[PDB]
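The numbering of the sequence shown is our numbering, which starts it at 12 and goes up by one.
The beta-carbon is built from N, C-alpha and C at its ideal position, and this holds for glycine as well.
Working notes for the structure below.
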Amino acid sequence: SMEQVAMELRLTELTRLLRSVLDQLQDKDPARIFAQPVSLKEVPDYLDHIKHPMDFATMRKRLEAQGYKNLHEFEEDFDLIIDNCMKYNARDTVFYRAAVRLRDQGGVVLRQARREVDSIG
Ligand code: NA
């Protein structure tokens with residue numbers, strides 16, 4: 012059906028916008044602290060602590076499968092990256108501080124993305 016096609020084209024355009032958002036967020040992490048999963052071979056107890064690990068590579072895989080149906084889903088995954096880091100790492104660490112800074116800087120990017128998704132439909 013043509014209605015199915017139109018929904019597919021909308022998902023594709025959202026995916027395109029979310030790619031640009033993901034690139035912009037990742038630019039705010041030049042140290043690449045959040046680029047890849049935590050290795051369970053190097054914080055071996057990680058999964059006793061953190062139930063839903065998340066990272067930018069994992070988000071990118073979901074995005075390339077058009078796996079985010081709306082901006083809220085994408086934001087939830089970004090917030091997991093931040094939130095997991097602020098739980099596992101103490102307030103005095105470079106990791107926790109990097110999460111705070113990414114949150115602050117990412118807020119700006121996400122604020123405009125919400126306006127563009129609403130505005131374009
Ligand atoms: Na903590």
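Assignment of alpha helix (DSSP H) within the region 61-111, counting only whole runs of 4 or more residues, yields 67-75 and 82-99 in chain order. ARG122 and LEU74 do not touch by the CB rule: their CB atoms are close to 20 Å apart, not below 8 Å. In the same chain as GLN37, and ignoring 5 residues on each side of it, the C-beta atoms closer than 6 Å to its own belong to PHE67, in chain order.
Relative to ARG43, the option among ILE61, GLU84 and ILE92 whose CA is nearest is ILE92. Distances from the CA of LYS62 to each of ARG27, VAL111 and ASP88 were compared; the closest alpha carbon is that of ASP88.
The Cβ-Cβ distance between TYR99 and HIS60 falls below 8 Å. For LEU22, the CB contacts under 8 Å within the same chain, skipping 5 residues up- and downstream, are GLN77 and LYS80 in chain order. For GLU127, the three-state secondary structure derived from DSSP is helix. Placement of the Cβ of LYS62 at a distance of 7 Å or more from every heavy atom of the ligand NA is found.
For the ligand NA, a non-hydrogen atom lies closer than 7 Å to the CB of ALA101.
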